[PDB]
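Following: one structure in structure tokens, then a few remarks.
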Amino acid sequence: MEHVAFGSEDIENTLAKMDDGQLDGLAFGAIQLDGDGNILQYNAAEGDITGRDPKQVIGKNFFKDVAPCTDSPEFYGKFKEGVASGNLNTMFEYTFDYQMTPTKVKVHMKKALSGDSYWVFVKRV
Ligand SMILES: *C(=O)/C=C/c1ccc(O)cc1
């Protein structure tokens, strides 16, 4: 397991250093999106929660295709606001329920160090 806690203050720095196998070693789900919501990275822990194949969701749109329950002011709205302001860093509870059993989670969204890149981190609650 990679030695990284969900919600860490410097999580973006740690993950900037990681390859795919490393991201798959995290204790929590990790998705990297571009500013339009297209899926750049998706780790094994996230697929364990959602039943999505991390190898195949890459390239799809998280808000339009994969996770319509997040296409809402409460999730997508916060993403959009943080992308626009340039300082995305927000945490909230949510329920994921499209093509998976309804699952309560805690979500942390945070701007990545690489350009036009934004993390969505997920753990069960
Ligand atoms: C609601 O439709 C949420 C769906 C979902 C959330 C997170 C994922 O990684 C995959 C699907």
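Going by the structure tokens order, chains are called A, B, ..., each with residues numbered from 1, while ligands are numbered from 1 in the order shown.
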
Which residues sit within 9 Å of ligand 1, counting only C-alpha atoms and all ligand atoms, listed as number ranges by chain? A: 29-31, 42-43, 46-47, 49-52, 54, 57, 62-63, 65-71, 94-100, 102-103, 120, 122

For the contact check between range 24-75 of chain A and range 113-116 of chain A, emit one row per residue of range 24-75 of chain A within 9 Å, containing the shortest atom pair and the distance in Å rounded to one decimal, counting only C-alpha atoms, chain then rising number order, as CSV.
residue,atom,partner,partner_atom,distance
A:33,CA,A:116,CA,8.1
A:34,CA,A:116,CA,5.2
A:35,CA,A:116,CA,5.7
A:36,CA,A:116,CA,8.9

Between CA of residue 15 in chain A and CA of residue 105 in chain A, what distance in Å does the model show, to one decimal? 20.6 Å

So that I can check the secondary structure, give me every residue of chain A assigned helix (DSSP H, G or I) by backbone DSSP, as a ChimeraX atom specification. /A:11-16,20-23,44-50,54-57,62-66,68-70,76-85

Pick from A:118, A:92, A:37, A:6, whichever lies nearest to residue 76 in chain A using only C-alpha atoms: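 Ranking A:118, A:92, A:37, A:6 by distance to residue 76 in chain A, first place goes to A:37.
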